[PDB]
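J.: Right, I'll just put the structure down here and ask away after.
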Amino acid sequence: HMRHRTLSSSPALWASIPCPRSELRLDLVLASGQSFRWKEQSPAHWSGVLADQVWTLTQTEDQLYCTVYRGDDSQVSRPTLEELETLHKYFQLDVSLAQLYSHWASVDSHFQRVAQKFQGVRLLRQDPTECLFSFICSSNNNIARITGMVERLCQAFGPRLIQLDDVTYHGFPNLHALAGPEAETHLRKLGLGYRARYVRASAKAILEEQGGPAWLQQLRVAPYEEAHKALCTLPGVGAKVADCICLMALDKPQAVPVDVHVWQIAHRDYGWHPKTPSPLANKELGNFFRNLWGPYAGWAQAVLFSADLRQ
Ligand SMILES: Nc1nc(NC2CCCCC2)c2c[nH]nc2n1
Ligand code: NI
């Protein structure tokens, strides 16, 4: 009944945003461990759900093309002005990435070389809730298995939006849906394992202890270090997961999430060793990168991480 659109098939329902290739590369961003909700269903066409709506994104050299699926048995059309603002904010396109690239490049010869090939790696501005529970699922895991866990979780707990081909799209569940007495048992059936406990517990915690999703909005305006400590009170959320959320959902560009993977890069590519792995050592490494790259150190880190995935 409903199929995945392409730019050739139905170009009437698309709309463009002026966006250079050097500012954004969909294929280096959408499935590079930031969001787990985007899939290249057809070549160069990334479909995914964003704010209880489905999008398909494709780009050229200088233009970013996008179409929307409402899915309320209503008359189809192009993306509105407000829907384009949502996508503008999502990619944080007011921030020049070219100027940031050159800024980092001036004080880092290693970044200079990697920045040659891998342009247009930027940070998405995600919903806190979606980001929070996605990154709780990330512990001792990989992008492939995380993507599945998040998809199944949304199917079980989140509301249906639309079906395109054989892909049924669900929005991300609210906290109440994940806090229920059966939630852990269901999530274990879906294969999350121990992460099922942390998911339910954290949803339940934000509700009762922190007073619902407004708390996450408060953290978004709170200073980085205050937001980080508050997140670390949640079950299954430590320094690494907290930094991810800070960087990707709470607008803390200086947040540098450190795990064994970042240790590996830091050591191999910068020859870094702790002067003063461990919680203490991980914190020093985050300070190191902030000292080196400055207040958008988290954005620079994404370029390396994204570059490190692609051989
Ligand atoms: N799944 C996943 N994702 C990560 N995020 C990176 C890409 C986006 C910017 C921050 C780093 C991870 C970092 N360490 N382990 C990660 N796992
Ligand atoms: Ni060494």
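Residue numbering restarts at 1 in every chain; chains get A, B, ... in the order shown in the structure tokens, and ligands count up from 1 in that same order.
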Taking only C-alpha atoms and all ligand atoms into account, list the residues no farther than 12 Å from ligand 2, as a list in words.
T.: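 Listed by chain and ascending number, the contacts are residues 263, 264, 265, 266, 267, 268, 269, 270, 271, 272, 273 and 274 of chain A.
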J.: Quick one: residues within 7 Å of ligand 1, with only C-alpha atoms and all ligand atoms, as a PyMOL selection string?
T.: chain A and resi 32-34+123+138+142-143+244+257-259+261-262+298-299+301-302+305-306
J.: Which residue is closest to residue 208 (chain A)? Choose from A:179, A:31, A:95, A:192 and count only C-alpha atoms.
T.: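 With only C-alpha atoms as the atom set, the closest residue is A:179.
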J.: Could you pull the residues within 10 Å of residue 237 (chain A), counting only C-alpha atoms, minus those fewer than 2 positions along the same chain, as a list in words?
T.: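 My list of contacting residues is residues 132, 133, 135, 136, 139, 198, 199, 202, 228, 230, 231, 232, 233, 234, 235, 239, 240, 241, 242, 243 and 245 of chain A.
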J.: Please, could you write that set of residues out with N, CA and C atoms as a PDB file, in the first residue's frame?
T.:
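Full text of result10.pdb as output:
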```pdb
ATOM      1  N   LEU A 132      18.883   8.495  25.821  1.00  0.00           N
ATOM      2  CA  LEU A 132      19.196   7.914  27.118  1.00  0.00           C
ATOM      3  C   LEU A 132      19.114   6.392  27.034  1.00  0.00           C
ATOM      4  N   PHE A 133      17.946   5.880  26.627  1.00  0.00           N
ATOM      5  CA  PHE A 133      17.662   4.453  26.679  1.00  0.00           C
ATOM      6  C   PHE A 133      18.376   3.716  25.547  1.00  0.00           C
ATOM      7  N   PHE A 135      21.460   4.460  24.715  1.00  0.00           N
ATOM      8  CA  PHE A 135      22.848   4.353  25.140  1.00  0.00           C
ATOM      9  C   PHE A 135      22.969   3.480  26.389  1.00  0.00           C
ATOM     10  N   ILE A 136      21.855   3.258  27.102  1.00  0.00           N
ATOM     11  CA  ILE A 136      21.804   2.231  28.134  1.00  0.00           C
ATOM     12  C   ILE A 136      21.941   0.857  27.473  1.00  0.00           C
ATOM     13  N   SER A 139      25.974  -0.756  26.245  1.00  0.00           N
ATOM     14  CA  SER A 139      27.032  -1.361  27.042  1.00  0.00           C
ATOM     15  C   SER A 139      27.355  -2.760  26.518  1.00  0.00           C
ATOM     16  N   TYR A 198      18.044  -2.140  33.690  1.00  0.00           N
ATOM     17  CA  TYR A 198      18.475  -0.752  33.761  1.00  0.00           C
ATOM     18  C   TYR A 198      17.478   0.161  33.052  1.00  0.00           C
ATOM     19  N   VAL A 199      16.926  -0.313  31.927  1.00  0.00           N
ATOM     20  CA  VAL A 199      15.958   0.445  31.146  1.00  0.00           C
ATOM     21  C   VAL A 199      14.748   0.764  32.021  1.00  0.00           C
ATOM     22  N   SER A 202      15.600   2.908  35.124  1.00  0.00           N
ATOM     23  CA  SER A 202      15.922   4.296  34.822  1.00  0.00           C
ATOM     24  C   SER A 202      14.660   5.082  34.474  1.00  0.00           C
ATOM     25  N   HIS A 228      26.044  15.879  34.012  1.00  0.00           N
ATOM     26  CA  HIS A 228      26.751  14.608  33.983  1.00  0.00           C
ATOM     27  C   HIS A 228      26.527  13.852  35.291  1.00  0.00           C
ATOM     28  N   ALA A 230      24.120  14.248  37.457  1.00  0.00           N
ATOM     29  CA  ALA A 230      22.711  13.922  37.627  1.00  0.00           C
ATOM     30  C   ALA A 230      22.357  12.656  36.849  1.00  0.00           C
ATOM     31  N   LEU A 231      22.945  12.500  35.655  1.00  0.00           N
ATOM     32  CA  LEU A 231      22.726  11.322  34.827  1.00  0.00           C
ATOM     33  C   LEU A 231      23.335  10.084  35.482  1.00  0.00           C
ATOM     34  N   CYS A 232      24.478  10.258  36.161  1.00  0.00           N
ATOM     35  CA  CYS A 232      25.209   9.145  36.752  1.00  0.00           C
ATOM     36  C   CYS A 232      24.472   8.566  37.963  1.00  0.00           C
ATOM     37  N   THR A 233      23.377   9.207  38.396  1.00  0.00           N
ATOM     38  CA  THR A 233      22.545   8.658  39.456  1.00  0.00           C
ATOM     39  C   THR A 233      21.584   7.602  38.904  1.00  0.00           C
ATOM     40  N   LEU A 234      21.461   7.505  37.572  1.00  0.00           N
ATOM     41  CA  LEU A 234      20.510   6.593  36.952  1.00  0.00           C
ATOM     42  C   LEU A 234      21.104   5.189  36.863  1.00  0.00           C
ATOM     43  N   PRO A 235      20.294   4.125  37.086  1.00  0.00           N
ATOM     44  CA  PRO A 235      20.731   2.746  36.856  1.00  0.00           C
ATOM     45  C   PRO A 235      21.218   2.484  35.432  1.00  0.00           C
ATOM     46  N   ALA A 239      29.867   7.124  33.469  1.00  0.00           N
ATOM     47  CA  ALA A 239      30.540   8.279  32.893  1.00  0.00           C
ATOM     48  C   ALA A 239      30.456   8.255  31.369  1.00  0.00           C
ATOM     49  N   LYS A 240      30.682   7.075  30.781  1.00  0.00           N
ATOM     50  CA  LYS A 240      30.706   6.909  29.335  1.00  0.00           C
ATOM     51  C   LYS A 240      29.333   7.230  28.745  1.00  0.00           C
ATOM     52  N   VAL A 241      28.287   6.577  29.269  1.00  0.00           N
ATOM     53  CA  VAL A 241      26.931   6.743  28.766  1.00  0.00           C
ATOM     54  C   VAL A 241      26.454   8.170  29.032  1.00  0.00           C
ATOM     55  N   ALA A 242      26.850   8.735  30.180  1.00  0.00           N
ATOM     56  CA  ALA A 242      26.450  10.085  30.547  1.00  0.00           C
ATOM     57  C   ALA A 242      27.026  11.096  29.556  1.00  0.00           C
ATOM     58  N   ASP A 243      28.284  10.885  29.145  1.00  0.00           N
ATOM     59  CA  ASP A 243      28.960  11.782  28.219  1.00  0.00           C
ATOM     60  C   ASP A 243      28.303  11.729  26.843  1.00  0.00           C
ATOM     61  N   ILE A 245      25.136  11.077  26.190  1.00  0.00           N
ATOM     62  CA  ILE A 245      23.868  11.783  26.278  1.00  0.00           C
ATOM     63  C   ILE A 245      24.131  13.287  26.286  1.00  0.00           C
TER      64      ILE A 245
END
```
J.: Env of region 24-26 of chain A: 10 Å cut, atoms = only C-alpha atoms, seq-sep filter 2 positions within chain, self excluded. Answer as number ranges by chain.
T.: A: 19-22, 28-32, 38, 40, 44-46, 57-64, 91, 93, 97-98, 118-123
J.: How about saving the chosen residues, N, CA, C and O atoms kept, as a short mmCIF file (atom, residue, chain, number, x, y, z; two decimals), in the first residue's frame?
T.:
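Wrote again16.cif, looks like this:
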```cif
data_model
loop_
_atom_site.label_atom_id
_atom_site.label_comp_id
_atom_site.auth_asym_id
_atom_site.auth_seq_id
_atom_site.Cartn_x
_atom_site.Cartn_y
_atom_site.Cartn_z
N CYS A 19 22.81 22.53 1.65
CA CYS A 19 23.72 21.88 2.57
C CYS A 19 24.88 21.25 1.80
O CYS A 19 24.70 20.23 1.14
N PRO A 20 26.10 21.83 1.86
CA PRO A 20 27.27 21.24 1.21
C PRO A 20 27.62 19.85 1.74
O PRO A 20 27.21 19.47 2.84
N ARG A 21 28.38 19.11 0.93
CA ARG A 21 28.84 17.77 1.27
C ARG A 21 29.84 17.83 2.42
O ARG A 21 29.92 16.91 3.23
N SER A 22 30.60 18.94 2.48
CA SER A 22 31.63 19.14 3.48
C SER A 22 31.03 19.52 4.83
O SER A 22 31.73 19.48 5.85
N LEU A 28 28.12 9.05 6.85
CA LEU A 28 29.13 9.08 7.90
C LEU A 28 28.51 9.45 9.24
O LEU A 28 29.21 9.49 10.25
N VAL A 29 27.19 9.72 9.26
CA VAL A 29 26.54 10.32 10.41
C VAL A 29 25.42 9.40 10.91
O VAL A 29 25.40 9.03 12.08
N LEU A 30 24.50 9.05 10.01
CA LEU A 30 23.22 8.46 10.39
C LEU A 30 23.39 7.05 10.97
O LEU A 30 22.56 6.62 11.76
N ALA A 31 24.45 6.33 10.57
CA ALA A 31 24.71 5.00 11.10
C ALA A 31 26.16 4.89 11.57
O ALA A 31 26.84 3.92 11.24
N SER A 32 26.60 5.87 12.37
CA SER A 32 27.96 5.90 12.88
C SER A 32 27.96 5.96 14.41
O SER A 32 28.85 6.56 15.01
N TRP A 38 18.20 4.93 11.79
CA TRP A 38 18.32 5.23 10.38
C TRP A 38 18.84 4.00 9.63
O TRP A 38 19.79 3.35 10.08
N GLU A 40 19.64 2.64 5.45
CA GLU A 40 19.74 2.89 4.02
C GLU A 40 18.90 1.84 3.29
O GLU A 40 19.43 0.84 2.81
N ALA A 44 21.61 5.30 -1.08
CA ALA A 44 21.77 6.73 -0.91
C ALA A 44 20.49 7.37 -0.36
O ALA A 44 20.35 8.59 -0.39
N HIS A 45 19.58 6.54 0.17
CA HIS A 45 18.32 7.02 0.73
C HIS A 45 18.16 6.44 2.14
O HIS A 45 17.95 5.24 2.30
N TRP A 46 18.26 7.33 3.14
CA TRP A 46 18.22 6.92 4.54
C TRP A 46 16.84 7.22 5.12
O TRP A 46 16.44 8.38 5.20
N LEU A 57 15.86 10.71 3.72
CA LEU A 57 16.86 11.73 3.47
C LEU A 57 17.82 11.25 2.39
O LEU A 57 18.30 10.12 2.42
N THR A 58 18.09 12.14 1.42
CA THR A 58 19.14 11.93 0.43
C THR A 58 19.75 13.29 0.09
O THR A 58 19.11 14.32 0.30
N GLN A 59 20.98 13.28 -0.43
CA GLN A 59 21.70 14.52 -0.69
C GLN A 59 22.46 14.42 -2.00
O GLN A 59 22.63 13.33 -2.55
N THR A 60 22.92 15.58 -2.49
CA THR A 60 23.77 15.66 -3.67
C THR A 60 25.12 16.24 -3.23
O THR A 60 25.62 15.90 -2.16
N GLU A 61 25.70 17.13 -4.05
CA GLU A 61 26.96 17.77 -3.73
C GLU A 61 26.70 19.00 -2.85
O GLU A 61 27.48 19.27 -1.94
N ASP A 62 25.61 19.73 -3.13
CA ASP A 62 25.36 21.01 -2.49
C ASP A 62 23.96 21.08 -1.87
O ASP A 62 23.63 22.10 -1.26
N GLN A 63 23.15 20.02 -2.00
CA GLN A 63 21.77 20.05 -1.55
C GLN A 63 21.45 18.80 -0.72
O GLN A 63 21.95 17.72 -1.01
N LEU A 64 20.61 18.99 0.31
CA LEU A 64 20.06 17.91 1.11
C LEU A 64 18.56 17.82 0.84
O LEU A 64 17.83 18.75 1.15
N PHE A 91 20.32 18.50 12.65
CA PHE A 91 21.67 18.42 12.12
C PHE A 91 22.51 19.60 12.62
O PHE A 91 23.70 19.66 12.32
N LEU A 93 22.64 22.82 11.83
CA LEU A 93 23.25 23.33 10.61
C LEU A 93 23.64 24.80 10.75
O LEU A 93 24.26 25.35 9.84
N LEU A 97 30.80 23.57 10.23
CA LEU A 97 31.67 22.44 10.51
C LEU A 97 33.03 22.65 9.84
O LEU A 97 34.04 22.15 10.32
N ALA A 98 33.03 23.39 8.72
CA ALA A 98 34.25 23.66 7.98
C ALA A 98 35.22 24.48 8.83
O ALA A 98 36.42 24.21 8.84
N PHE A 118 37.44 12.27 5.48
CA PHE A 118 36.18 12.17 6.19
C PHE A 118 35.66 13.56 6.56
O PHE A 118 35.83 14.01 7.69
N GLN A 119 35.01 14.22 5.59
CA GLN A 119 34.35 15.50 5.79
C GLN A 119 32.86 15.28 6.03
O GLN A 119 32.29 14.31 5.54
N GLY A 120 32.24 16.20 6.77
CA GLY A 120 30.80 16.22 6.95
C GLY A 120 30.31 15.30 8.07
O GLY A 120 29.14 14.93 8.09
N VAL A 121 31.21 14.95 9.00
CA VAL A 121 30.83 14.21 10.19
C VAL A 121 30.49 15.22 11.28
O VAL A 121 31.37 15.88 11.83
N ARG A 122 29.19 15.34 11.60
CA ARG A 122 28.73 16.27 12.62
C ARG A 122 27.87 15.54 13.64
O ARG A 122 27.53 14.37 13.46
N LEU A 123 27.53 16.25 14.72
CA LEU A 123 26.75 15.70 15.82
C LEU A 123 25.27 16.00 15.59
O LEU A 123 24.90 17.14 15.31
#
```
J.: Between A:221, A:2, A:149, A:68, single out the one closest to residue 84 (chain A), counting only C-alpha atoms.
T.: A:68
J.: Determine the nearest neighbour of residue 70 (chain A) from the options A:42, A:86, A:163, A:155, counting only C-alpha atoms.
T.: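 Among A:42, A:86, A:163, A:155, it is A:163 that comes nearest to residue 70 (chain A).
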J.: Would you mind telling me which residue in A:105, A:164, A:196, A:304 lies nearest to residue 134 (chain A) when using only C-alpha atoms?
T.: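 Residue with the minimum atom-to-atom distance to residue 134 (chain A): A:196.
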J.: Could you check the closest approach to residue 181 (chain A) for each of A:200, A:103, A:125, A:220 and tell me which residue wins, using only C-alpha atoms?
T.: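 Checking each candidate against residue 181 (chain A), we get A:200 as the closest.
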J.: Using Å and a single decimal, report how far CA of residue 148 (chain A) sits from CA of residue 167 (chain A).
T.: 12.8 Å
J.: List every residue of region 60-208 of chain A that DSSP, applied to the backbone, labels as strand (DSSP E or B), and write the result as number ranges by chain.
T.: A: 63-69, 160-164, 167-170
J.: Leaving out residue 252 (chain A) and any residue of its chain fewer than 2 positions from it, which residues lie within 9 Å of it when counting only C-alpha atoms, given as a PDB file with C-alpha atoms, in the first residue's frame?
T.:
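Generated file (around.pdb):
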```pdb
ATOM      1  CA  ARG A 220      19.904  20.581  28.716  1.00  0.00           C
ATOM      2  CA  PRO A 223      26.106  23.250  32.957  1.00  0.00           C
ATOM      3  CA  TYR A 224      27.841  20.165  31.526  1.00  0.00           C
ATOM      4  CA  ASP A 243      28.960  11.782  28.219  1.00  0.00           C
ATOM      5  CA  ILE A 245      23.868  11.783  26.278  1.00  0.00           C
ATOM      6  CA  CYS A 246      25.479  15.113  27.223  1.00  0.00           C
ATOM      7  CA  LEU A 247      27.132  15.372  23.795  1.00  0.00           C
ATOM      8  CA  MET A 248      24.247  14.125  21.666  1.00  0.00           C
ATOM      9  CA  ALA A 249      21.068  15.261  23.462  1.00  0.00           C
ATOM     10  CA  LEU A 250      21.870  17.943  26.080  1.00  0.00           C
ATOM     11  CA  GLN A 254      32.840  19.568  25.110  1.00  0.00           C
ATOM     12  CA  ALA A 255      31.615  16.172  26.376  1.00  0.00           C
ATOM     13  CA  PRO A 295      34.884  23.495  23.684  1.00  0.00           C
ATOM     14  CA  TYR A 296      33.725  21.373  20.722  1.00  0.00           C
ATOM     15  CA  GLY A 298      33.072  16.071  21.472  1.00  0.00           C
TER      16      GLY A 298
END
```
J.: Set the distance at 8 Å and use only C-alpha atoms: which residues neighbour residue 197 (chain A) once local chain neighbours fewer than 4 positions away are removed? I'd like the list as a PyMOL selection string.
T.: chain A and resi 184+193+201
J.: If we count only C-alpha atoms, what is near residue 292 (chain A) at a cut-off of 9 Å, once residues fewer than 2 positions away on the same chain are taken out, given as a list in words?
T.: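 Selected residues are residues 104, 107, 108, 287, 288, 289, 290, 294 and 297 of chain A.
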J.: Suppose we keep N, CA and C atoms; can you now write the selection as a compact mmCIF listing (two decimals), in the first residue's frame?
T.:
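The result, stored in part.txt:
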```txt
# COMPACT_ATOMS: atom_id res chain seq x y z
N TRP A 104 40.34 22.67 14.62
CA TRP A 104 40.93 21.49 15.22
C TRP A 104 42.23 21.12 14.50
N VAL A 107 45.76 22.63 15.53
CA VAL A 107 46.45 22.19 16.74
C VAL A 107 46.53 20.67 16.78
N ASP A 108 46.24 19.99 15.66
CA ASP A 108 46.29 18.54 15.62
C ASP A 108 46.62 18.09 14.20
N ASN A 287 39.79 15.14 29.61
CA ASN A 287 40.40 16.44 29.87
C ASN A 287 41.47 16.72 28.82
N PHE A 288 42.24 15.69 28.47
CA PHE A 288 43.30 15.80 27.48
C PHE A 288 42.75 16.31 26.15
N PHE A 289 41.66 15.69 25.68
CA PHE A 289 41.08 16.01 24.39
C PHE A 289 40.43 17.40 24.43
N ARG A 290 39.80 17.74 25.56
CA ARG A 290 39.21 19.06 25.74
C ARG A 290 40.30 20.13 25.71
N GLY A 294 39.37 21.86 22.50
CA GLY A 294 38.64 23.01 23.01
C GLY A 294 37.18 22.68 23.29
N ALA A 297 35.17 19.64 21.64
CA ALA A 297 36.04 18.47 21.61
C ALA A 297 35.23 17.21 21.30
```
J.: Would you work out the distance separating CA of residue 128 (chain A) from CA of residue 152 (chain A), expressed in Å to one decimal?
T.: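 Calculated distance between CA of residue 128 (chain A) and CA of residue 152 (chain A) is 19.1 Å.
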J.: Using the chain letters and numbers from this document, which residues of region 101-220 of chain A does DSSP assign to alpha helix (DSSP H), as JSON, numbers by chain?
T.: {"A": [101, 102, 103, 104, 105, 106, 109, 110, 111, 112, 113, 114, 115, 116, 117, 128, 129, 130, 131, 132, 133, 134, 135, 136, 143, 144, 145, 146, 147, 148, 149, 150, 151, 152, 153, 154, 155, 156, 157, 175, 176, 177, 178, 183, 184, 185, 186, 187, 188, 189, 195, 196, 197, 198, 199, 200, 201, 202, 203, 204, 205, 206, 207, 208, 214, 215, 216, 217, 218, 219, 220]}
J.: Using only C-alpha atoms, which residue out of A:94, A:308, A:127, A:251 lies closest to residue 222 (chain A)?
T.: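 Of A:94, A:308, A:127, A:251, the one nearest residue 222 (chain A), counting only C-alpha atoms, is A:251.
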